[PDB]
Amino acid sequence: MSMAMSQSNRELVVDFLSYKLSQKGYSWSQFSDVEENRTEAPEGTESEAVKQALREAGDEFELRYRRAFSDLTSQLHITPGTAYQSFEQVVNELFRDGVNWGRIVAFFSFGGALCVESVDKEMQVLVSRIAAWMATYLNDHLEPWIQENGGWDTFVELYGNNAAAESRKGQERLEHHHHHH
Ligand SMILES: O=C(NS(=O)(=O)c1ccc(NCCSc2ccccc2)c([N+](=O)[O-])c1)c1ccc(-c2ccc3sc(CCc4ccccc4)nc3c2)cc1
């Protein structure tokens with residue numbers, strides 16, 4: 001008997017990773033062929049879920065916790081001889097005190113920095129690794145958690161764009177009340 005999980009989480013590591021990379025100037029990728037059509041009106045077009053949410057939180061994280069993050073990225077020096085263990089360790093402590101969206105996003109970034117550091121050392125080859133190491137920890141040290149707090153749907157409904165605006169809707173309203181009161 002055996003069993004596994006989904007892949008969504010993994011998609012986050014890739015999508016985000018790329019973002020953290022592009023933000024630094026890097027990128028790298030490839031193309032291919034499949035099969036599809038279209039006939040309406042092409043344009044940027046954007047979503048409004050984990051993708052957008054995750055990113056934002058990431059940028060704001062290093063902003064509010066510029067030090068809390070920096071000091072972290074300096075706690076682990078990824079290398080070819082580095083063992084996935086040395087990784088799951090550092091991330092463990094930062095996650096020792098229970099689990100909360102905050103630490104979650106604050107964590108994701110940790111990895112992003114690792115990649116930025118790898119490329120800086122002309123070792124982008126690592127990116128692929130750290131990327132897999134995350135999807136492994138997120139599915140063995142978070143999955144069970146994220147599924148106990150309403151998955152991501154909740155994270156995007158709390159500390160997310162559509163959510164941010166939603167919050168204001170109320171406030172701007174409440175204030176109007178006391179005023180008319
Ligand atoms: O912010 C946090 N929590 S929150 O109140 O739930 C929150 C606060 C703000 C936001 N968003 C607004 C932007 S700020 C932000 C901050 C964090 C995440 C996302 C956003 C969000 N959120 O979006 O989910 C959540 C938060 C922020 C930082 C840390 C944090 C920082 C450094 C370290 S170093 C360490 C172990 C050391 C150690 C290292 C190695 C080896 C051994 C020991 N553990 C750490 C934990 C822990 C929690």
Set the Förster radius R0 to 30 Å, insert the Cβ-Cβ distance between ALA83 and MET3 as r into 1/(1 + (r/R0)^6), and round the FRET efficiency to 0.05.
0.70
Nearby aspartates and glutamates by direct alpha-carbon distance to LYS20 (threshold 15 angstrom, same-chain neighbours under 8 apart not counted)
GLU11, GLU56, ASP59, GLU60, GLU62, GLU117, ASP120
Could you tell me the relative contact order of the chain? Use alpha-carbon pairs under 8 Å, at least six residues apart, and round to a whole percent.
34 percent
First select every other residue whose beta carbon is under 10 angstrom from the beta carbon of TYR137; then total the charges, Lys and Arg +1, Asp and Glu -1.
-3
Shape verdict for the stretch 41-138, please, from the Cα gyration tensor: rounded (a/c under 1.5), prolate (a/b greater than b/c) or oblate.
oblate
Can you give the local net charge around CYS115? Use residues other than it whose beta-carbon is closer than 12 angstrom to its beta-carbon, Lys and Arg +1, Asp and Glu -1.
+2
Most packed first (mean Cβ within 10 Å per residue), the peptides 42-50, 90-98, 102-110 order as 102-110, 90-98, 42-50
If you take the square roots of the eigenvalues of the alpha-carbon gyration tensor of the stretch 82-122 and sort them as a ≥ b ≥ c, do you get rounded (a/c under 1.5), prolate (a/b over b/c) or oblate?
oblate
What is the sum of charges, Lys and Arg at +1 and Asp and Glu at -1, for the other residues whose Cβ falls under 14 Å from the Cβ of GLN85?
-2
Per the helix-only calculation at 222 nm, which mean residue ellipticity applies to the chain, given -39500 (n - 2.57) for every DSSP H run of n ≥ 4 and division by its residues, nearest 500 deg cm²/dmol?
-19000 deg cm²/dmol
Within a Gaussian network of the chain (alpha carbon springs, distance under 10 Å), most fluctuating of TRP28, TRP145, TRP133:
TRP28
Mind ranking 52-63, 2-13 by how tightly packed they are, going by the mean number of other C-beta atoms within 10 angstrom, highest first?
52-63, 2-13
Taking Cα atoms, how many degrees apart are the long axis of helix 84-93 and the longest axis of the chain, rounded to 10 and kept between 0 and 90?
30 degrees
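Note: ideal-geometry Cβ built from the backbone for every residue, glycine included; neighbour counts use all protein chains shown. Values in this text are rule-based calculations from the coordinates and carry no lab data.
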